[PDB]
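Shown next, in structure tokens, is the structure this report addresses.
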Ligand SMILES: [K+]
């Protein structure tokens, strides 16, 4: 279990949990076509640039830790 | 109340996510394997006609995330590697003899889903086909080796690990090395330091690295051989051909730049991305490429890279020795923003747009030899290159594939005069948005359209000679005169035809080998090929009521039901019979079968009377004008038509019913259908070189026999008044039809029935439209992010024009006269739009019958409408009001709003104009408006408010603020209120009439990112999901409506089903007259589906066992588990995947025999029982 990225333990901080589920969410957006479509329709940006910003939000999400 | 459903697809997804090209058939022909969302599709563009035909279409029941093709050394056929949401990689081979994808290989490495660290998102192949690399977004990368055995069959190896912890992958690409050790270049980014620095300094100055992974074949292991940091983050790479053709290396596309960076001693070469002259976009916004196409030749090679503005550039690399000298870009053309492009041999370019229709162009010129500027990386500047966008001058549009993606709203209603409801679909992307009307039937190709004066009532098409392979005249009968036209390849009006119609005409035919006959109420006019006219006055004060013409016979019916018969001698003239027969009543319609080639006359004559009976009369001289057989009819006849395939007598009644009856000495067997709402007219037409009949009621239906099996398929077209067969050089086999005040030359080219469209272009992306009951018109709201309003476009364009002169260049240059003059077509050259807080919203009143827009209301700069409704208030009279919910200064990410507004309009002139009543403000965005008991329910933020109409503003009458997050939609039965939370599913709210107090009396036990919903009854709601799911939630029968972890009594979820495509419209409606109600849904990928209830438990058990059998005997093509796929987020509850079940017909015959025999049936029985669902709830045009 420990070697699966996204797994948690007793000393897991809230920041680790939510950066985990945030990266998971971004990759899920990358996967499911109609999700990336909904997002690329909401904000008037092409699919390519939406994917690019989703990749930039991979080490950025929730900002730096404490 | 057990509710079991059954899903089926009617219009498969039209949006394209991937597109590859190659010799998939194993021949010289190149095909295009495209991937829709969950459907793999094989298309073939024709080098002759230039049309794209769908060779194959298979539903893979899984999320396709990457699509690549490869070929082994010395090979002649391209395989298909598919990276899916399964934990498996699959290699497929198309088989032309069997028209199916044969799964060659399938290897299992991870878990299912679009996971973070499970490979399947990225897929790069060695250009020599020796190895394939499938990789996840983070941390995991696997490489398989491909080698064919002695039998020349592809074989796969064990996976080779190439993992690297804490690594994010932007893009993977195989490097073209000339049979060296395979190389896989990819963009990586290590976030290990960014997560261990609470200051954020490690987050910054952390750039991505281009890394080359080598596959040591001799040592059988992959190693991170090379790596170098990049100056700026790149979005994707391009394989540069190496070895014998070109120098090896990769092209890194980057924000405002492109960088060839081959490894070794090759220096990095960069070139700025050229920008259009005088960009209306915000200069703070960058520019990237969205896709790239590569064309390789033994002589040369080039690239085609498209930008965010749809700018395709032809990128070329000059080279000396084994090194590259410069990157030379040149402006090629502009097309819509494509998710993929394919450059094919014989000069064709396939452009699969990211949204909207797809296109196929023909490469006329390579883009060189013109005088346009060609930019190079060696050119010094510090400033970027600028170019002028122009219309298509290197490509010609050869085919256009209609795509409904993305469908944002859908109302299935009968707004036209026809009886079958139409699908009114609000769908599109920005400037290429549209409101398309969908009718399921046969596609009609409009050859010509010309309006006619007065009210035309008939039309015919007559040849000049019997041996003429093309018609000569088109006759149009009005009330007081008839117009004659000659199809002289110009369709000029003629006068010397001889018909000389100063009266209406009843018929026009070719009698002799060259003689023409016109039948008019005052008598009969014969016109020889030689211009001789023989007239025939009507006896006495009578007039001829009806007629039936033939190649060698002319029967007529006059007032009082008096028949007169004329037969042509072999000497070319007409002789009247020596007797005139009277009927029991007046004649209303007659038909006379065509004469067989060998015989000299037709025997049978069908005569329908006011007596509501049809009668057969022999024309043989042995029993001339003698009764043969009578037949009673349920109503008065309107038209008759005898036709062969075996003789059939067709009856169309004054009520919309049609009847086919067998014929010979006596007429016996019968069948009938309701075609009704309109009297059914019957016209002879020539379809596929055979005689077909055309019925005309609420729609135009085509009845034609097919392998001794009839078909009655309606035309996806408006109502028509008359039609006749047509044949010219312009249209060899067509139909001339007159409709109300219009003449139309049409053609029925395609034979298969599908959802056909008529598109009404819009300006911005539509969010919702509402049906005005009286006007039957549409009120559409069109809202777009990052956009300028028209006034801002004008003032900004002009501001640029002013700033142009301030350069003080010898002041003598007026380029503003060319800049302010030409407004580039926003639909093709992309929308000039930019800004993070900027918006553009427009209200539009459109008539759905035609394409015209009745009214247009342009809103302010940063105002964005998200809700709209049409209703009346109890305090006011019967005056219709239009409420539009708008938002102000929307920062979408991160979310922050300034406020909202609600516009109120008076909608006067029965829905033709909007006049401004008042604009009432509010603190949060209102995204939900619904009429409720003479008042309007408005959802502002998480607050559900009851509003009434005031003379100054919309007065707040009630409010509820215990809703969890944010109101996305609201629908109300007369008493209850169903709220759709953005995240927390559905909330049940009762409105107390005494106090105006909204009380939450129920909610859901599961969180649901709701997109849309529809109330199935007083207790059940069907809801869609942002993640592509559909559910049905039902209140328990013991729910108490009057009350005062969230709420006490919960609502149970009785249906869960993952569609796989995000649904944005649910509607319970009947698709065809006589059928049953179905739950028709639309989706964001341009697809239409239905959910269907079972009528008996026996059928439920049957189709369920079919599902269980096909799950194991016919597993999904990309290694996905069907039950797991449909249980993506919630386990399946009471749904049978009919798309899986209908693949029973695609299995091998032995599997059909095994599955059918397991169910104690035969394969044909299973197939028919599967067809019964479509017969009951969908379209079935089988006419016994
Ligand atoms: K009657």
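Going from the start of the chain as shown, residues are counted 1 onward.
How was it done? The header gives X-ray crystallography, 3.1 Å.
Positions of Cβ are set from backbone N, Cα and C atoms, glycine also.
The phosphoserine annotation in Swiss-Prot covers B:158. The phosphothreonine feature in Swiss-Prot is assigned to B:1162. Taken from Swiss-Prot, the feature region 'Interaction with PHF5A, SF3B1 and SF3B5' applies to B:107-121, B:147-170. According to Swiss-Prot, the feature region 'Interaction with SF3B1 and SF3B5' maps to B:195-233, B:767-785, an assignment based on experimental evidence. Here Swiss-Prot flags B:1005-1026 as region 'Interaction with SF3B1', drawing on experimental evidence. As annotated by Swiss-Prot, region 'Interaction with SF3B5' applies to B:1062-1085. Residues annotated as site 'Interaction with SF3B5' in Swiss-Prot, with experimental evidence given as evidence: B:286, B:308, B:354, B:429, B:893. According to Swiss-Prot, the site 'Interaction with SF3B1' annotation covers B:965, B:1133, on the basis of experimental evidence.
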Message: With DSSP assignments reduced to helix, strand and coil, which class does residue B:1133 (site 'Interaction with SF3B1') get?
response: strand
- request: May I ask you to pick out the recorded positions among B:158, B:286, B:965, B:1133, B:1162 with a CB closer than 8 angstroms to chain A's CB atoms, ordered by sequence, or 'none' if no residue qualifies?
  value: none
Message: Cα-Cα, whole number of Å: residue B:286 (site 'Interaction with SF3B5') versus residue B:308 (site 'Interaction with SF3B5')?
response: 9
Residue B:1133 (site 'Interaction with SF3B1') versus residue B:1162 (phosphothreonine) - Cα distance in angstrom: 29
Task: Find, for the listed modified residues B:158, B:1162, the residue with the lowest Cβ contact count at a 10 Å cut-off, counting only other Cβ atoms.
output: B:158
Query: For the recorded sites B:429, B:1133, which one has the sparsest Cβ surroundings, going by other Cβ atoms within 10 Å?
result: B:1133
Message: How about long-range neighbours of the region 'Interaction with SF3B1' (B:1005-1026): same chain, 6 or more residues beyond its ends, C-beta under 8 Å?
response: 3, 968-969, 971, 973, 976, 978, 980-986, 1032-1035, 1037, 1039, 1050-1055, 1062-1068, 1079, 1081, 1091, 1129-1130
- line: the region 'Interaction with PHF5A, SF3B1 and SF3B5' (B:147-170) resolves under DSSP into 0 helix, 11 strand, 13 coil
Message: Is it possible to list how many residues within the region 'Interaction with SF3B1 and SF3B5' (B:195-233) are helical, extended or coil according to DSSP?
response: 0 helix, 17 strand, 22 coil
Message: Say we define neighbours as other CB atoms within 10 Å of the CB. Which of the recorded sites B:308, B:354 has the fewest?
response: B:308
- request: With DSSP as the yardstick, break the region 'Interaction with SF3B1 and SF3B5' (B:767-785) down into helix, strand and coil residue counts.
  value: 0 helix, 13 strand, 6 coil
Cβ neighbours of residue B:965 (site 'Interaction with SF3B1') where a neighbour is any other Cβ within 10 Å: 12
Cα-Cα distance linking residue B:429 (site 'Interaction with SF3B5') and residue B:158 (phosphoserine), given in Å to the nearest integer: 44
- prompt: How many of the residues that make up the region 'Interaction with SF3B5' (B:1062-1085) does DSSP mark as helix, as strand and as coil?
  reply: 0 helix, 15 strand, 9 coil
Field: recorded sites (B:286, B:893), the one with most neighbouring Cβ atoms at 10 Å
entry: B:286
Message: Between C-alpha atoms, which of these recorded sites comes nearest to residue B:308 (site 'Interaction with SF3B5'): B:354, B:429, B:893, B:965, B:1133?
response: B:354
- request: Have a look at the recorded sites B:354, B:429, B:965 and say which one has the shortest Cα distance to residue B:893 (site 'Interaction with SF3B5').
  value: B:965
